[PDB]
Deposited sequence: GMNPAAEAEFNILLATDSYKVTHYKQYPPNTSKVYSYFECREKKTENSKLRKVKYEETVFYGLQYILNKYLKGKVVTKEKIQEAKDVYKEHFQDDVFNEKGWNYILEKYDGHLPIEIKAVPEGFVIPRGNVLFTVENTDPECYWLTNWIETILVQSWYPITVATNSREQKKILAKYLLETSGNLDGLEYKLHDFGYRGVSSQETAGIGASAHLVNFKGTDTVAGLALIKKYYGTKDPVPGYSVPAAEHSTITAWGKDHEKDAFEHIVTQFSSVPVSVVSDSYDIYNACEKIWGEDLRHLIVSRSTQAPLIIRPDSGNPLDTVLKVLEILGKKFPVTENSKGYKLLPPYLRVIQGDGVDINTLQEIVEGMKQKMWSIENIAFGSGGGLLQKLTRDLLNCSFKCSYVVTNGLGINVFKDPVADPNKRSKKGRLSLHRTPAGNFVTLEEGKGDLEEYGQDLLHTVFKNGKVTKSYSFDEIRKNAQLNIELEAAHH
């Protein structure tokens, strides 16, 4: 990794574009309000600070590699070799940058300052926005954590309504997304962001990221159970689906086991194979080791409702203290196909209308959870708000005539508690009036060192639901 090659090409040319005698560039990150995701989990900057920004990030060799690449890339010698040599010689390759940030896991309304960046040496005025590209990739862990939290809110509401408690809430949305993301690095970041809110993952890459960058008191931040795939059922042959199911639930007799049941006919598998031929191997299992039947095709709501209606007529169903139907504790369902925040809401509402407890169901989500998200969903954006030029500070901003939603904030920013205990971003250095007490941003990075950090356990606490 070479930070000289980890910016948008055009930023290589910015040191020639700022007003002459500019000693300070001060820039901020927000999830811009779009005058429905009203609050965001701030998570993921600490990963970036440690993996990419801290310590000696400049060497002789990195400067020469970048020089040689940019000469060809631009067909011209526009690279700031002198500016990067300055950092190597004055600071042993440590970035003279100060970043202030809201604590990780914090849950903040749209349109607030989340972090700020500024150069600490006048010579490095160009450096603040060099690192915009790398820091703005924060959008991804923020957006995965936020969208996973919104899904937890829906699950919380319906589980509380149909059961009278939240037992098992943190295992209700399992991460199926490892194959469905764009890379290994993405797998680990996105899986880690989902584990801010839940404990169930198949995306193994998330576990090592958490242990190296954040830390947990527990040995691991997330858990799984044995489960089949189409290959482990269909490999027995089209006439032997029963043989496959029997061998798998017998191999995994004393732990929970998920068994994909839609290879040929989900409704026949539920009613005849599980519900009649193999019923004796299901009703014997312990409460700690249920069979989880997994449909994987068809309309997600219609399929879930028919699977439950089938199982309800083959297995002894109870009515819980809320009046909702409940499968025996040895038998559960997981819908792991077509789940995103919209279909999840549809399935739990539909279950509730048919008097099925959300105790009966778990969800798996892959692309919906980790991939089908963009920087646009929360308007994650980094902008310059303040510069010093000829020793005078100026409040700077954009305000495009055709889109007032892209207006940016002015001047030096701070984050405060309101008298009602909400959040407000103060602009134009007005935080210094101290009419709203102390800035909630903390210095997290300064002059190549991480100065403040959060365990994963602290992050989970900050991100809890009301």
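Novice: Can you list the gaps, in order, where the deposited sequence has no modelled residues?
Specialist: No coordinates exist for the deposited residues in 1-9, 45-53, 485-492, so these stretches are absent from the model.
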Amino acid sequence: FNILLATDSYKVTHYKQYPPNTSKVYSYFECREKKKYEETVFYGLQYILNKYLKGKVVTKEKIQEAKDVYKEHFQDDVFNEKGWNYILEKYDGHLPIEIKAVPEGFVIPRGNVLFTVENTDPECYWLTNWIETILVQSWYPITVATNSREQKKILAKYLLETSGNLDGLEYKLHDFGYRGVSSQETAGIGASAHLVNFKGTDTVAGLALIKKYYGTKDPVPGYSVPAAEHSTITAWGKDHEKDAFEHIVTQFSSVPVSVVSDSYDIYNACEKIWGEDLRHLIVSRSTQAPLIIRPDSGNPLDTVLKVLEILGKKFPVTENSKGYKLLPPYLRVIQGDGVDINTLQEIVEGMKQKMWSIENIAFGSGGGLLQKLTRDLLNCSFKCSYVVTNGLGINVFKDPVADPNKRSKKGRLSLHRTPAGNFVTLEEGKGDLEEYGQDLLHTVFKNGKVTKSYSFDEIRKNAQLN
From here on, numbers count along this sequence of modelled residues.
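Novice: With neighbours modelled on both sides, does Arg407 go without coordinates in a third or more of the other PDB entries compared?
Specialist: No, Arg407 is modelled in every other compared entry.
Novice: Tell me whether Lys36 is absent from the model in at least one third of the other entries compared, counting only those where the residues either side are present.
Specialist: Missing in at least a third of the others, so yes.
Novice: Is the mean CA B factor in the deposited entry higher across 20-28 or across 6-14?
Specialist: Result of the comparison: 20-28.
Novice: Averaging C-alpha B-factors over each stretch, which comes out higher, 389-397 or 248-256?
Specialist: According to the entry, 389-397 carries the higher average C-alpha B-factor.
Novice: Compare the CA B factors listed in the entry for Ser286, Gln345, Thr234, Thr201 and report the winner.
Specialist: Comparing C-alpha B-factors across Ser286, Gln345, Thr234, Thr201, the top value belongs to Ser286.
Novice: Based on what the PDB entry reports, which of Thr374, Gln137, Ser357, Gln75 has the top C-alpha B-factor?
Specialist: That would be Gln75.
Novice: What third of the chain does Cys124 rank in for C-alpha temperature factor, lowest, middle or highest?
Specialist: Within its chain, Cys124 is a highest-third residue by C-alpha B-factor, going by the deposited values.
Novice: Considering only modelled residues of the same chain, in which third does the CA B-factor of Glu185 rank: lowest, middle or highest?
Specialist: Lowest third of the chain for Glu185's C-alpha B-factor.
Novice: Considering only modelled residues of the same chain, in which third does the CA B-factor of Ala402 rank: lowest, middle or highest?
Specialist: Ranked within chain, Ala402 CA B lands in the highest tercile.
Novice: Taking only the Cα B-factors deposited for this chain, tell me whether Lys242 sits in the lowest, middle or highest third.
Specialist: For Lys242, whose C-alpha B-factor we compare with every modelled residue in the chain, the answer is the middle third.
Novice: According to the PDB entry, is the CA B factor of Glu81 in the bottom, middle or top third of its chain, that is, lowest, middle or highest?
Specialist: Top third by C-alpha B-factor.
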